[PDB]
Asker: 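Handing you a structure now.
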Amino acid sequence: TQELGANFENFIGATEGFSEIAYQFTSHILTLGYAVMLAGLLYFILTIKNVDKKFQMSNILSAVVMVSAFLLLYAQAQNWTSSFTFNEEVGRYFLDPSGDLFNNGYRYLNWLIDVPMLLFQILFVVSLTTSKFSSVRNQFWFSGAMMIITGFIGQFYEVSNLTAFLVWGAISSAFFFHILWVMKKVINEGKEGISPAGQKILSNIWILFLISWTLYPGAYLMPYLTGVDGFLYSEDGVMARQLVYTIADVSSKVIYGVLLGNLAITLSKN
Ligand SMILES: *C/C=C(C)/C=C/C=C(C)/C=C/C1=C(C)CCCC1(C)C
Ligand code: NA
(Lines give C-alpha, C1' and ligand atoms only; values in the text may rest on other atoms or scores of the structure.)
(Ligands and ions follow the chains in the order given, each with its own letter.)
Protein backbone atom coordinates (compact mmCIF):
# COMPACT_ATOMS: atom_id res chain seq x y z
CA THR A 1 0.00 0.00 0.00
CA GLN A 2 1.98 2.97 -1.35
CA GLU A 3 0.11 5.94 0.10
CA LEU A 4 2.22 8.88 -1.13
CA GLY A 5 1.97 7.96 -4.81
CA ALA A 6 -2.26 9.76 -7.22
CA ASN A 7 -0.64 9.47 -10.64
CA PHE A 8 2.03 7.41 -12.39
CA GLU A 9 4.72 10.06 -11.89
CA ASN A 10 4.25 10.02 -8.12
CA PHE A 11 4.02 6.22 -8.13
CA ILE A 12 7.40 5.85 -9.83
CA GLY A 13 8.89 8.60 -7.68
CA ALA A 14 7.65 6.96 -4.48
CA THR A 15 8.77 3.40 -5.33
CA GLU A 16 11.77 3.19 -7.68
CA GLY A 17 12.70 6.89 -7.76
CA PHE A 18 13.99 8.73 -10.85
CA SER A 19 17.50 8.50 -12.22
CA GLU A 20 19.39 11.77 -12.52
CA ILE A 21 18.90 11.57 -16.29
CA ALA A 22 15.14 10.98 -16.03
CA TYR A 23 14.72 13.80 -13.50
CA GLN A 24 16.86 16.31 -15.39
CA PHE A 25 15.53 15.41 -18.85
CA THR A 26 11.94 15.84 -17.69
CA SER A 27 12.78 19.14 -16.00
CA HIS A 28 14.49 20.45 -19.14
CA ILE A 29 11.78 19.36 -21.58
CA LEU A 30 9.13 20.99 -19.38
CA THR A 31 11.22 24.18 -19.19
CA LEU A 32 11.66 24.21 -22.98
CA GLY A 33 7.87 23.87 -23.15
CA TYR A 34 7.05 27.09 -21.33
CA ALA A 35 10.01 28.90 -22.91
CA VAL A 36 8.57 28.25 -26.38
CA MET A 37 5.16 29.58 -25.29
CA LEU A 38 6.75 32.83 -24.12
CA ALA A 39 8.49 33.14 -27.48
CA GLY A 40 5.24 32.38 -29.29
CA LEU A 41 3.45 35.03 -27.25
CA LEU A 42 5.87 37.69 -28.49
CA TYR A 43 5.58 36.34 -32.04
CA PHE A 44 1.78 36.47 -32.16
CA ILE A 45 1.77 39.96 -30.63
CA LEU A 46 4.43 41.37 -32.96
CA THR A 47 3.00 39.90 -36.20
CA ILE A 48 -0.63 40.85 -35.58
CA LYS A 49 -0.47 43.70 -38.11
CA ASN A 50 0.73 41.34 -40.86
CA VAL A 51 -2.85 40.06 -41.36
CA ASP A 52 -5.99 41.90 -42.40
CA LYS A 53 -8.33 43.17 -39.70
CA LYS A 54 -10.92 40.51 -40.51
CA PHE A 55 -8.53 37.69 -39.50
CA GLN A 56 -7.00 39.26 -36.40
CA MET A 57 -9.21 37.40 -33.90
CA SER A 58 -7.15 34.34 -34.78
CA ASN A 59 -3.91 36.09 -33.80
CA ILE A 60 -5.65 37.35 -30.64
CA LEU A 61 -6.71 33.83 -29.68
CA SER A 62 -3.21 32.48 -30.37
CA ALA A 63 -1.76 35.11 -28.04
CA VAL A 64 -4.28 34.35 -25.26
CA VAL A 65 -3.47 30.66 -25.66
CA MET A 66 0.23 31.49 -25.31
CA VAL A 67 -0.43 33.40 -22.07
CA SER A 68 -2.39 30.53 -20.53
CA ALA A 69 0.14 27.91 -21.68
CA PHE A 70 3.17 29.92 -20.57
CA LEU A 71 1.71 30.42 -17.10
CA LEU A 72 0.40 26.89 -16.60
CA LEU A 73 3.39 25.07 -18.12
CA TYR A 74 5.69 27.24 -16.03
CA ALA A 75 3.69 26.14 -12.98
CA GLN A 76 3.91 22.50 -14.08
CA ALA A 77 7.67 22.79 -14.58
CA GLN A 78 8.15 24.09 -11.03
CA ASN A 79 5.78 21.43 -9.73
CA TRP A 80 8.08 18.78 -11.22
CA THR A 81 11.30 20.01 -9.61
CA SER A 82 9.57 20.75 -6.29
CA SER A 83 7.92 17.32 -6.02
CA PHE A 84 11.02 15.09 -6.30
CA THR A 85 14.20 15.40 -4.24
CA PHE A 86 17.58 13.69 -4.35
CA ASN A 87 18.48 10.92 -1.90
CA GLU A 88 22.25 10.62 -1.50
CA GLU A 89 22.35 6.98 -0.38
CA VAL A 90 20.42 5.64 -3.38
CA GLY A 91 21.51 8.29 -5.90
CA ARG A 92 18.00 8.84 -7.29
CA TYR A 93 15.20 11.40 -6.95
CA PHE A 94 12.21 10.35 -4.85
CA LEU A 95 8.79 11.78 -4.10
CA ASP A 96 9.33 14.45 -1.45
CA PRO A 97 6.84 14.19 1.45
CA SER A 98 7.50 17.85 2.32
CA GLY A 99 6.72 18.96 -1.25
CA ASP A 100 3.35 19.38 -2.93
CA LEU A 101 3.49 16.14 -5.00
CA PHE A 102 3.29 16.08 -8.79
CA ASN A 103 -0.09 17.21 -10.08
CA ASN A 104 -1.56 16.90 -13.57
CA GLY A 105 -4.08 19.64 -12.73
CA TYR A 106 -1.95 22.37 -14.29
CA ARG A 107 -1.82 20.70 -17.70
CA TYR A 108 -5.47 19.60 -17.70
CA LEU A 109 -6.57 23.11 -16.74
CA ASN A 110 -4.46 24.43 -19.62
CA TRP A 111 -6.29 21.99 -21.90
CA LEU A 112 -9.74 23.01 -20.65
CA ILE A 113 -8.90 26.65 -21.35
CA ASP A 114 -7.03 26.26 -24.64
CA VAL A 115 -8.98 23.53 -26.47
CA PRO A 116 -12.06 25.78 -27.03
CA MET A 117 -9.89 28.68 -28.18
CA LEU A 118 -7.82 26.57 -30.60
CA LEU A 119 -10.95 25.06 -32.15
CA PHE A 120 -12.63 28.49 -32.27
CA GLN A 121 -9.83 30.42 -33.90
CA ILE A 122 -9.84 28.67 -37.28
CA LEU A 123 -13.42 29.97 -37.72
CA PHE A 124 -12.03 33.52 -38.00
CA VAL A 125 -9.70 32.61 -40.90
CA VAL A 126 -11.59 30.19 -43.14
CA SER A 127 -15.15 30.71 -44.34
CA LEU A 128 -17.69 27.94 -43.96
CA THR A 129 -19.99 27.10 -46.86
CA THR A 130 -23.08 25.10 -45.89
CA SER A 131 -22.33 24.82 -42.14
CA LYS A 132 -23.33 27.46 -39.61
CA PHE A 133 -20.69 29.28 -37.57
CA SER A 134 -22.70 28.93 -34.36
CA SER A 135 -23.33 25.21 -34.92
CA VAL A 136 -19.65 24.40 -35.48
CA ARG A 137 -18.62 26.58 -32.54
CA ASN A 138 -21.10 24.94 -30.15
CA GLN A 139 -20.10 21.43 -31.23
CA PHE A 140 -16.41 22.24 -30.76
CA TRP A 141 -17.01 23.75 -27.33
CA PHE A 142 -19.31 21.03 -25.99
CA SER A 143 -17.21 18.09 -27.16
CA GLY A 144 -13.97 19.90 -26.29
CA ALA A 145 -15.10 20.47 -22.71
CA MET A 146 -16.41 16.91 -22.36
CA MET A 147 -13.22 15.39 -23.78
CA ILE A 148 -11.07 17.19 -21.20
CA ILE A 149 -13.48 16.64 -18.31
CA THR A 150 -13.83 12.91 -18.90
CA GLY A 151 -10.10 12.57 -19.49
CA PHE A 152 -9.46 14.36 -16.20
CA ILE A 153 -11.78 11.94 -14.38
CA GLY A 154 -9.98 8.99 -15.94
CA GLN A 155 -6.53 10.22 -14.94
CA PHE A 156 -7.24 10.05 -11.18
CA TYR A 157 -7.79 6.31 -11.59
CA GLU A 158 -4.53 5.87 -13.52
CA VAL A 159 -2.82 4.09 -10.59
CA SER A 160 -5.76 2.95 -8.46
CA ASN A 161 -8.16 1.53 -11.08
CA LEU A 162 -6.74 0.76 -14.52
CA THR A 163 -10.19 -0.31 -15.73
CA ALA A 164 -11.74 3.07 -14.89
CA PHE A 165 -8.70 4.83 -16.40
CA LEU A 166 -9.27 3.05 -19.72
CA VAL A 167 -13.07 3.34 -19.76
CA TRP A 168 -13.07 7.08 -19.07
CA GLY A 169 -10.27 7.40 -21.63
CA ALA A 170 -12.45 5.59 -24.15
CA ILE A 171 -15.35 7.94 -23.39
CA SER A 172 -13.00 10.89 -23.81
CA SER A 173 -11.85 9.40 -27.13
CA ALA A 174 -15.46 9.39 -28.37
CA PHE A 175 -15.64 13.17 -27.95
CA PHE A 176 -12.20 13.45 -29.57
CA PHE A 177 -13.38 11.57 -32.66
CA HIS A 178 -16.38 13.90 -32.84
CA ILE A 179 -14.01 16.89 -32.81
CA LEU A 180 -11.91 15.34 -35.58
CA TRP A 181 -15.06 14.82 -37.66
CA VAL A 182 -16.18 18.43 -37.23
CA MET A 183 -12.71 19.87 -37.91
CA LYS A 184 -12.34 17.84 -41.11
CA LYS A 185 -15.64 19.32 -42.26
CA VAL A 186 -14.36 22.81 -41.39
CA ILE A 187 -11.14 22.23 -43.37
CA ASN A 188 -13.07 20.97 -46.40
CA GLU A 189 -15.48 23.92 -46.42
CA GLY A 190 -12.56 26.27 -45.77
CA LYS A 191 -10.84 25.03 -48.93
CA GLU A 192 -13.85 25.96 -51.08
CA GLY A 193 -13.53 29.40 -52.63
CA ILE A 194 -9.88 30.12 -51.81
CA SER A 195 -6.65 30.13 -53.83
CA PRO A 196 -4.62 26.92 -54.32
CA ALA A 197 -1.91 28.32 -52.03
CA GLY A 198 -4.50 28.71 -49.29
CA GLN A 199 -5.82 25.20 -49.90
CA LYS A 200 -2.31 23.76 -49.52
CA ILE A 201 -1.85 25.46 -46.15
CA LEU A 202 -5.20 24.06 -44.98
CA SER A 203 -4.10 20.60 -46.06
CA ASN A 204 -1.04 21.00 -43.83
CA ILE A 205 -3.15 22.35 -40.96
CA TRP A 206 -5.31 19.22 -41.11
CA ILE A 207 -2.30 16.87 -40.95
CA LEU A 208 -0.71 18.89 -38.15
CA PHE A 209 -4.00 18.94 -36.24
CA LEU A 210 -4.63 15.21 -36.67
CA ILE A 211 -1.13 14.20 -35.57
CA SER A 212 -0.60 16.68 -32.76
CA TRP A 213 -3.99 16.09 -31.15
CA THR A 214 -3.61 12.29 -31.35
CA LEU A 215 -0.33 12.58 -29.44
CA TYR A 216 -2.30 13.46 -26.30
CA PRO A 217 -4.15 10.12 -25.86
CA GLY A 218 -0.85 8.47 -26.82
CA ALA A 219 0.93 10.17 -23.93
CA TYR A 220 -2.06 9.37 -21.68
CA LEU A 221 -1.61 5.65 -22.41
CA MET A 222 2.21 5.77 -22.58
CA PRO A 223 3.07 3.97 -19.28
CA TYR A 224 0.92 1.02 -20.35
CA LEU A 225 1.78 0.70 -24.06
CA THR A 226 4.28 -2.07 -23.23
CA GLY A 227 2.10 -3.70 -20.57
CA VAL A 228 2.08 -3.63 -16.80
CA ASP A 229 5.72 -4.05 -15.73
CA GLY A 230 6.81 -3.43 -19.33
CA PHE A 231 9.68 -1.23 -20.48
CA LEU A 232 7.49 1.89 -20.49
CA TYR A 233 6.07 0.98 -17.05
CA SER A 234 8.90 2.93 -15.46
CA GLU A 235 10.68 6.28 -15.45
CA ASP A 236 11.16 5.83 -19.21
CA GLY A 237 7.38 5.97 -19.61
CA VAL A 238 7.32 9.18 -17.56
CA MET A 239 10.04 10.69 -19.75
CA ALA A 240 8.29 9.65 -22.97
CA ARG A 241 4.91 10.88 -21.74
CA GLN A 242 6.20 14.33 -20.82
CA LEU A 243 8.24 14.56 -24.03
CA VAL A 244 5.18 13.72 -26.14
CA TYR A 245 2.97 16.18 -24.22
CA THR A 246 5.53 18.93 -24.86
CA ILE A 247 5.85 18.10 -28.56
CA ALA A 248 2.05 18.05 -28.75
CA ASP A 249 1.75 21.40 -26.95
CA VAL A 250 4.22 23.20 -29.22
CA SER A 251 2.65 21.70 -32.35
CA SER A 252 -1.03 22.10 -31.51
CA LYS A 253 -0.62 25.61 -30.14
CA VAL A 254 2.36 27.40 -31.67
CA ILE A 255 2.84 25.68 -35.03
CA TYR A 256 -0.94 25.54 -35.55
CA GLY A 257 -1.11 29.26 -34.79
CA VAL A 258 1.74 30.09 -37.17
CA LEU A 259 0.08 28.15 -39.99
CA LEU A 260 -3.24 29.92 -39.46
CA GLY A 261 -1.43 33.24 -39.57
CA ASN A 262 0.25 32.16 -42.80
CA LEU A 263 -3.16 31.18 -44.18
CA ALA A 264 -4.63 34.56 -43.28
CA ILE A 265 -1.74 36.32 -45.05
CA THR A 266 -2.18 34.22 -48.19
CA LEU A 267 -5.94 34.83 -48.29
CA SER A 268 -5.36 38.58 -48.61
CA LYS A 269 -3.16 38.05 -51.67
CA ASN A 270 -6.11 37.41 -54.00
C1 LIG B 1 -2.67 22.57 -26.12
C2 LIG B 1 -3.78 21.71 -25.65
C3 LIG B 1 -4.33 20.75 -26.40
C4 LIG B 1 -4.62 20.93 -27.85
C5 LIG B 1 -4.96 19.62 -25.75
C6 LIG B 1 -5.61 18.58 -26.32
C7 LIG B 1 -5.96 17.40 -25.59
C8 LIG B 1 -6.57 16.31 -26.11
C9 LIG B 1 -6.71 16.06 -27.57
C10 LIG B 1 -6.60 15.14 -25.24
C11 LIG B 1 -7.53 14.17 -25.27
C12 LIG B 1 -7.59 12.92 -24.50
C13 LIG B 1 -8.05 11.79 -25.09
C14 LIG B 1 -8.51 11.72 -26.51
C15 LIG B 1 -8.16 10.47 -24.40
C16 LIG B 1 -7.40 10.41 -23.10
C17 LIG B 1 -7.61 11.68 -22.31
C18 LIG B 1 -7.14 12.94 -23.04
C19 LIG B 1 -7.78 14.10 -22.27
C20 LIG B 1 -5.62 13.04 -22.90
NA1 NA C 1 13.84 18.75 -6.73
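Heavy atoms only: backbone and side chains are in, while hydrogens, waters and symmetry mates are out. Residues take their numbers from the sequence shown, with the count starting at 1. Read the numbers this way: they start at 1 and go in the same order the structure lists the ligands and their atoms.
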Asker: Please state which part of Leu118 comes within less than 4.0 Å of ligand 1, counting heavy atoms only: side chain, backbone, both or neither.
Answerer: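 Answer for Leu118: side chain.
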Asker: Nearest protein heavy-atom contact for atom 18 (C) of ligand 1: which residue, which atom, what distance?
Answerer: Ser172 OG, 4.0 Å
Asker: Are there more than 12 heavy atoms of other residues, nucleotides or ligands under 6.0 Å from atom CG of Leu46?
Answerer: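 Yes.
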Asker: Quick one: do the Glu189 and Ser131 side chains pair a donor with an acceptor below 3.5 Å?
Answerer: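 Yes, side-chain donor-acceptor contact under 3.5 Å.
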Asker: Would you check if the distance from the ring center of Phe8 to the ring center of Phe102 is below 6.0 Å?
Answerer: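 Here the rings of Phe102 and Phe8 have centres that are no less than 6.0 Å from each other.
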Asker: If you have a sec, work out which protein heavy atom is nearest atom 20 (C) of ligand 1 and how many Å separate them, to one decimal?
Answerer: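 Nearest protein contact, heavy atoms only, for atom 20 (C) of ligand 1 is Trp111 CZ3, 3.6 Å.
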Asker: Show the atoms of ligand 1 that are less than 4.0 angstrom away from any heavy atom in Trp213.
Answerer: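 Counting from 1, the qualifying ligand atoms are 4 (C), 9 (C).
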Asker: Working to 10°, measure the angle at the Na ion (ligand 2) formed by atom O of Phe84 and atom O of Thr81.
Answerer: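 Value returned, to the nearest 10°, is 90°.
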Asker: In the protein, what heavy atom is nearest to atom 4 (C) of ligand 1, and what distance, to one decimal place, separates them?
Answerer: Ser252 OG, 3.4 Å
Asker: Would the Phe84 and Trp80 ring centres measure less than 6.0 Å apart?
Answerer: yes
Asker: Any idea which protein heavy atom is nearest atom 10 (C) of ligand 1, and the distance to it?
Answerer: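 Ranked first by proximity to atom 10 (C) of ligand 1 is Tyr216 CB, 3.5 Å.
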Asker: How about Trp213 and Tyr256: are their ring centres within less than 6.0 Å of each other?
Answerer: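 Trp213 vs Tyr256: aromatic centres not under 6.0 Å.
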Asker: Measure the shortest side-chain to side-chain distance between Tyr216 and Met147 over non-hydrogen atoms and say whether it is less than 4.5 angstrom.
Answerer: no
Asker: With salt bridge (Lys or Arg N to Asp or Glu O under 4.0 Å) as the test, would you mind laying out the steps for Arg241 and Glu158 before giving the verdict?
Answerer: CA-CA 13 Å; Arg241 164 187 278 177; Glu158 137 171 77; 2.6 Å; yes
Asker: Please evaluate residues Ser268 and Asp52 with respect to the criterion side-chain hydrogen bond (donor to acceptor under 3.5 Å, both in side chains), reporting the C-alpha separation (whole Å), side-chain torsions for both, the decisive distance (0.1 Å), and the verdict.
Answerer: CA-CA 7 Å; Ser268 305; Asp52 286 352; 2.8 Å; yes
Asker: With heavy atoms only and a cut-off of under 4.0 Å, state how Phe176 meets ligand 1: side chain, backbone, both or neither.
Answerer: side chain
Asker: Enumerate the atoms of ligand 1 whose separation from the nearest heavy atom of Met147 is less than 4.0 angstrom.
Answerer: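 Matching atoms, with element in brackets: 8 (C), 9 (C), 11 (C), 19 (C).
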Asker: Would you say the Na ion (ligand 2) has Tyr23 as a near neighbour, meaning an N/O/S atom of that residue under 3.0 Å away?
Answerer: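 Given the 3.0 Å cut-off, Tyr23 counts as a ligand of the Na ion (ligand 2).
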Asker: Which atoms of ligand 1 have any heavy atom of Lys253 under 4.0 Å away?
Answerer: 1 (C), 2 (C), 3 (C)
Asker: At under 4.0 Å between heavy atoms, which part of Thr150 makes contact with ligand 1: side chain, backbone, both or neither?
Answerer: neither
